[PDB]
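Student: One structure coming up, written as structure tokens, with questions to follow.
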Amino acid sequence: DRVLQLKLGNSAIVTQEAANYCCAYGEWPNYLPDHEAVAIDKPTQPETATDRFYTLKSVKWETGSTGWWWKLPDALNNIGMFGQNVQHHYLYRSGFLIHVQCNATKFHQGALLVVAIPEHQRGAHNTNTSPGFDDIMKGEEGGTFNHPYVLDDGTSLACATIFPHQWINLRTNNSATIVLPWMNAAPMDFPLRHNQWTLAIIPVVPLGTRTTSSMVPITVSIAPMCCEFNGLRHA
Amino acid sequence: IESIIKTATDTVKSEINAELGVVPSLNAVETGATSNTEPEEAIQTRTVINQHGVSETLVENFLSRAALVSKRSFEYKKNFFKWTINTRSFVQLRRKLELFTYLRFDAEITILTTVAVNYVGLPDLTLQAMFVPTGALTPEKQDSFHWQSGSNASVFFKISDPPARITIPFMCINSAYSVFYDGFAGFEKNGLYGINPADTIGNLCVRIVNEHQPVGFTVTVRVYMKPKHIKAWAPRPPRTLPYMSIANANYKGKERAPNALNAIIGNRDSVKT
Amino acid sequence: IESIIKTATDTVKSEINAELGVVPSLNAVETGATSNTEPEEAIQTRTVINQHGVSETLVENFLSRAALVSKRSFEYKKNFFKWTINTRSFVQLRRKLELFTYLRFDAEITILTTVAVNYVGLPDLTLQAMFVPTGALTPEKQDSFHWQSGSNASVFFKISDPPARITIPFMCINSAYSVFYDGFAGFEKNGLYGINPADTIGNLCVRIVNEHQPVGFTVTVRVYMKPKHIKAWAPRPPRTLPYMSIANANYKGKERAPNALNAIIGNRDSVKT
Amino acid sequence: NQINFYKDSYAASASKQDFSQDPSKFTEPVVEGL
Amino acid sequence: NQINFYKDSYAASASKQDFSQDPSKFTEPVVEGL
Amino acid sequence: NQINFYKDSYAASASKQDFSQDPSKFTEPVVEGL
Amino acid sequence: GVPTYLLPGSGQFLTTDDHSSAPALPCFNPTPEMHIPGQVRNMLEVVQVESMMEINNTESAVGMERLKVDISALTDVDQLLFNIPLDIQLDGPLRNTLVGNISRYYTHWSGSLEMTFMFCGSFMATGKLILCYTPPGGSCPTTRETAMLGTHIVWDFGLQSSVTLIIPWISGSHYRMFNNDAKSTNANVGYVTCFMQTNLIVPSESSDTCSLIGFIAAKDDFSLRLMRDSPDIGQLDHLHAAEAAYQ
Amino acid sequence: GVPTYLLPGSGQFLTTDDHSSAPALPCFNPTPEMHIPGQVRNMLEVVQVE
Amino acid sequence: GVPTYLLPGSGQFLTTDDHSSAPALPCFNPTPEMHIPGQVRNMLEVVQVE
């Protein structure tokens, strides 16, 4: 039950110690049915070179660290053949797969809450001005939580288990794997302005040891599955 | 799986257990799952038939109440009332809608009005509420020509009568209302964060029909809304810190321990109190 | 045993009796029982068919009337009305509930209001009654933010209209209301005698919506209650001495022979009068 | 002819059709019959 | 006994007859059963 | 459920049940088919 | 002519009414429904999900360090670690959970609860605990000699790192109230408290201070009644851009 | 439109009325009934006791 | 006597109402219909013309 192997396209990920992978709200990603389609062009379904694991840049976890986040349609807009279909087409529809990797020795401790939030409308602290195109829309790198205790929008962290999530407890496992379906009010969506999901990992129990002082990075892989595009343009 | 639940569940009699290899009370919350320890397997129980109904905690019972959405008083001696429609104006209706992400309902709007002439009594008056959609031209004067429109939906009512009630269907162009929106509104590089153009309804203009007489007035208008036929998706955690504005979700926090920024729950003396 | 009685019983013809060994008229009340001497066995009777119906002395006919529970007048120039709910305020409804120990009914509440401006006439006014349960926050001002609540049950009515009527179900956490309670309320050593926390309903707050104008008012509110669907257990003797307070059952007694402490029935000259 | 269009059952009228009666619990409470 | 004489279907009353329920999407979201 | 107790037939409500449609009198008015 | 007299209670605006209303937009056609994942039809599907709680709500604990409790090695035989006041209505650790925020809109509650503890120490660390619950008759227990007599569980730190303590529904009545008095007979629930069974033992290389995270949810017989207004939101502060809709 | 004229005696509050009333608490569920001993259903069971 | 309470929203003049109305001219007989060419029954027959 601990050992697991995923394969999508020409990619594969192998792990030995990992708790089960969860499906968000009991669902599995699929294509668009005929009785729900709206646009009348034939969609472009490439089915390879857009269904792979794309790894992001690793971040270093320290004692004073306080959390990280990402925006899932936006983090992949300049990576590979996913980032080229997005710029030429006008609509898309897809579902993702997240895989978070962080390991240590037998003598370390710590815990991470790996949660996935739909429509995470952020908020700025102690002002009236809304945030702009800056401080959101950071491609392939993620902002750091200023006040992670209230998820930087006022809602409490203590009820953030209502979203699909797993835990990375360094005593037990070193991996977390979440499958996300298409979730939006509309059947397709413009990818350069709206972001559906928001991956966010938050260190609840900070790490600590008395062996040595060594780097411990955290790595995130994302795999868009069952993606399809429509409405061809120039750039 | 899916099943019809009318009342709460019941408990069956328990015996003593000394089984090896089986542990009900241990689990692992690192999987993201929730515990499934029945009380039959933790203590010794009796058999209890349970008649407690669960029909009051439904979503259509939790939401469908008449809540205030607008209140504004205008003097009659800009001579009328105009309100771009939002549900973020009053903080007690708002926090109950912030629990969900998507919603699909049919409202039911009641306009309640009272007057206070500033002979302290009053004769009969007549009102007019007109629902201007987006795009259409809104009036800017009491006797503008935009009030003669036969196409906009209007309603006339009096002060002496019971208040006006209509109903309004599901108006969005998508299949649900987006309470939250993590995107922009325009195709340009600099737009407005947090709003979608798929949820903009329009204006609601209210005037008083009678010509100004010898005496000035003071008219106070209240608008209530009750949802109907509610479907709801994706529950969310509730808002804890107080609100700060309407166009966004900023947060400030109170100064002292209840609902402060570094403390939601007020302090205690020690952990072993 | 159990039987359905629609009308009163009848009498059958009696003959002369000189039977030995049989005595109908003797009994023993030391057993705690009641006499069972039929009139057929004490005198000589005829046969009488009886049509007298007994349908008016039912418990649901004896109780279900509209009785006053509250009356309080507030001036408008603490600007509103607040009443922690009890049924011990007026002594004529109270004494009819003191006959039983347990009760289970559904009330039906009518709020009747009248006003007297202190131009002696008056324009139209609008009221608001809100039912605050226990635990919830009660307002302390006419225009407090606790009146915008969509969750508390409210009702708006006018002076010119027929009065407001609602109905309220059986609200207790037990299976009956305890009219009497021979216990305390808290787990501490010193609590309050004679009250249970299983019977506390909450507040009922009434304000007037219109803004204060040139002229002051005087509003008088009456609240009636009619029980419905009554079940009653354990009859008790009626109260004889007058009441003294609400939180308990003290007694003082009048000074002179009717309903005095040492005499309930007024005096007579001699026993052989 | 009673009438209600409300969805709740406690909103109805009263009823006066309950003529069952057991008087021999207050008058004859003893065990051994006389 | 519901009642409406309006031609539109969204003008009706509410309904409280929807007792279907699937709680094991929030509490047991995993794939491999325990 | 429509309702009228008036003796005249023009006193009734409107009706929205007329979905018949012949669009090819304005768009294809010609004689010889293409 | 149908003779109709009008009974009292006519023309009133009851906010919980249920009647048909006149359509403002005739012959409107709504957009067709689409399968959006994750539909909730009953608010008891949300209170069965676990959610953490602020055991360490003492002062000079800034931020998200209020969610965990620190345990360490010690020199005496038996020692207390913490205790939780089971008061949803008052300002306690349970106010900010999912079973806390949802059930303050209602005023009667009836069911069972469960508490789930996750140990976040290192792999080389061992130890045992005891987690007991006492019914509300007396005061809080001080030592382990008067606290073993309640409903307890004894937990060993093993491969899998969670335990579950069921708080059973012991009550005379059918429901309980969210009363403002803590020591009322229909509102006082009990006391949950934790002691050390054996010691917390670590090697020289692991960190001495380990942590615990406390979860809470409801079971499948939980029930709620008589909806009211929430005591949480109580400020009356006027907010920016309110008059912008009112030109 | 149903033609209804209203007869005298309308809008009066007779204290012995018997009509249905609007519910203030929708979808409420009362506590179930329990057998409490000694139920009286008629006030002629009390006047037959010495 | 039929007991009728009147609910809110009574006596209002909604411009999009649909109810029967009282005839002003009783026993009137309209002129019979004649086939006039070019009848439109739906406003989507007009927006399909170039």
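Protein chains in written order, with my numbering: chain E, 405 to 639; chain V, -4 to 268; chain F, -4 to 268; chain G, 2 to 35; chain P, 2 to 35; chain Y, 2 to 35; chain U, 230 to 476; chain R, 10 to 59; chain Z, 10 to 59. Cβ atoms here follow ideal geometry from the backbone N, Cα and C, with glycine treated the same way.
Taking DSSP's pairing of strands, which residues face residue 385 of chain U in a bridge?
Tutor: U/357, per the DSSP bridge assignment.
Student: What's the gap between the Cα of residue 117 of chain V and the Cα of residue 135 of chain V?
Tutor: Each residue's Cα considered, the two are about 27 Å apart.
Student: Jot down the residue ranges of each uninterrupted beta strand (DSSP E) in the stretch 213 to 254 of chain F, minimum 3 residues, whole runs only, in chain order.
Tutor: Segments of the beta strand (DSSP E) lying fully in the stretch 213 to 254 of chain F: 213 to 220 and 223 to 230.
Student: Please report how far the alpha carbon of residue 549 of chain E lies from the alpha carbon of residue 20 of chain Y, in whole angstroms.
Tutor: In a straight line, the C-alpha of residue 549 of chain E is about 59 Å away from that of residue 20 of chain Y.
Student: Got a sec? Which residues, its chain only, sit under 8 Å from residue 153 of chain F by beta carbon, not counting five neighbours each side?
Tutor: These residues qualify, in order along the chain: 119, 120, 121 and 122.
Student: Assuming residue 25 of chain V and residue 577 of chain E are in contact, meaning their beta carbons sit under 8 Å apart, how far apart are those beta carbons, in whole angstroms?
Tutor: 6 Å between Cβ atoms; contact.
Student: Assuming residue 97 of chain V and residue 172 of chain V make a contact with CB atoms under 8 Å, what is their CB distance in whole Å?
Tutor: Confirmed, about 7 Å.
Student: Tell whether a beta-carbon distance below 7 Å holds between residue 446 of chain U and residue 343 of chain U.
Tutor: Contact: yes.
Student: Going by C-alpha distance, which of R/15, R/50, R/22 and R/40 is nearest residue 455 of chain U?
Tutor: Looking at the Cα atoms, R/40 is the closest of the given residues.
Student: Only counting runs of 3 or more residues, tell me where the beta strand (DSSP E) segments fall wholly within the stretch 232 to 308 of chain U, in order along the chain.
Tutor: Here the runs fully enclosed are 297 to 300.
Student: Can we say the stretch 378 to 393 of chain U touches the stretch 328 to 335 of chain U, given the rule of at least three CB pairs closer than 8 Å?
Tutor: Short answer: they don't touch.
Student: Using a beta-carbon distance cut-off of less than 9 Å, what residues from the stretch 216 to 238 of chain V approach chain E?
Tutor: Cβ contacts with chain E come from 228, 229, 230, 231, 232, 233, 234, 235, 236, 237 and 238.
Student: Mind pulling the chain G residues with CB within less than 8 Å of residue 199 of chain F?
Tutor: Per Cβ cutoff of 8 Å: no residues; residue 199 of chain F is ~19 Å from chain G at best.
Student: Could you work out which residue in Z/23, Z/11 and Z/34 is closest to residue 9 of chain Y when comparing CA atoms only?
Tutor: Nearest option by C-alpha distance: Z/34.
Student: Please state the DSSP three-state secondary structure of residue 499 of chain E.
Tutor: In the structure shown, residue 499 of chain E sits in a strand (DSSP, three-state: E or B).
Student: Under a three-way DSSP split, which group does residue 127 of chain F fall into?
Tutor: DSSP places residue 127 of chain F in strand when its eight states are reduced to three.
Student: Secondary structure at residue 327 of chain U, three-state DSSP: helix, strand or coil?
Tutor: Residue 327 of chain U: helix per DSSP, three-state reduction.
Student: Compare the C-alpha of residue 166 of chain V against each of U/234, U/245 and U/257 and name the closest.
Tutor: The option with the nearest alpha carbon to residue 166 of chain V is U/257.
Student: Checking 7 Å against the spacing of the C-beta atoms, do residue 3 of chain V and residue 49 of chain V come in under that value?
Tutor: Contact flag set, yes.
Student: Can you name, in chain order, every residue of its own chain whose Cβ lies under 8 Å from the Cβ of residue 102 of chain F, other than the five neighbours on each side?
Tutor: Within the same chain, residue 102 of chain F has close Cβ partners 162, 163, 220, 221, 222 and 223.
Student: Who does residue 105 of chain V pair with in a DSSP beta bridge?
Tutor: BP columns for residue 105 of chain V point to V/160 and V/219.
Student: Let me know the beta strand (DSSP E) ranges lying completely inside the stretch 128 to 197 of chain V, each 3 residues or longer, listed in chain order.
Tutor: Qualifying beta strand (DSSP E) stretches, in chain order: 148 to 151.
Student: Can you tell me whether residue 582 of chain E is buried or exposed, with buried defined as 16 or more other CB within 10 angstroms of its CB?
Tutor: That one is buried.
Student: At the level of alpha carbons, what is the spacing between residue 19 of chain R and residue 234 of chain U?
Tutor: If I take the Cα positions, the gap works out to 5 Å.
Student: State the DSSP-derived secondary structure class of residue 439 of chain E, mapped to helix, strand or coil.
Tutor: Residue 439 of chain E: helix per DSSP, three-state reduction.
Student: Under the three-state reduction of DSSP, which class applies to residue 26 of chain V: helix, strand or coil?
Tutor: Residue state, collapsed to three classes: helix.
Student: Please identify, using Cβ separations under 7 Å, the residues of the stretch 11 to 38 of chain R that lie next to chain F, in order along the chain.
Tutor: Against chain F - using a Cβ distance shorter than 7 Å - the residues of the stretch 11 to 38 of chain R are 20, 22, 24, 25, 30, 31, 32, 33, 34 and 37.
Student: Taking Cβ-Cβ distances shorter than 9 Å, what residues in chain U pair up with residue 431 of chain E?
Tutor: Near residue 431 of chain E (Cβ distances below 9 Å), the residues of chain U are 266 and 267.
Student: Give every residue of the same chain whose Cβ lies closer than 6 Å to the Cβ of residue 61 of chain F, excluding the five residues on either side of it in the sequence, and list them in chain order.
Tutor: Same-chain partners within the cutoff: 219 and 221.
Student: Using beta-carbon positions only, say whether residue 204 of chain F and residue 216 of chain F come within less than 7 Å of one another.
Tutor: Result no, Cβ atoms of residue 204 of chain F and residue 216 of chain F do not sit closer than 7 Å.
Student: From what residue to what residue does the beta strand (DSSP E) around residue 492 of chain E run?
Tutor: Run containing residue 492 of chain E: none in the beta strand (DSSP E); it sits in the alpha helix (DSSP H), 486 to 492.
Student: Given that residue 151 of chain V touches chain Z, what residues does it touch there, using C-beta distances under 9 Å?
Tutor: Ordered by position in chain Z, the residues that pass the 9 Å Cβ test against residue 151 of chain V are 21, 22, 23 and 24.
Student: Threshold first: 3 residues or longer. Then list the beta strand (DSSP E) segments lying entirely within the stretch 395 to 453 of chain U, N to C.
Tutor: Counting whole runs of 3 or more residues, the stretch 395 to 453 of chain U contains the beta strand (DSSP E) stretches 420 to 425 and 439 to 447.
Student: So, helix, strand or coil for residue 552 of chain E, using DSSP?
Tutor: Residue state, collapsed to three classes: helix.
Student: Here's the rule: buried if 16 or more other CB atoms are within 10 angstroms of the residue's CB, otherwise exposed. What is residue 17 of chain V?
Tutor: Result: exposed.
Student: Rounded to whole angstroms, what is the Cα-Cα separation between residue 148 of chain V and residue 473 of chain U?
Tutor: Looking at the two C-alpha atoms, the distance is approximately 24 Å.
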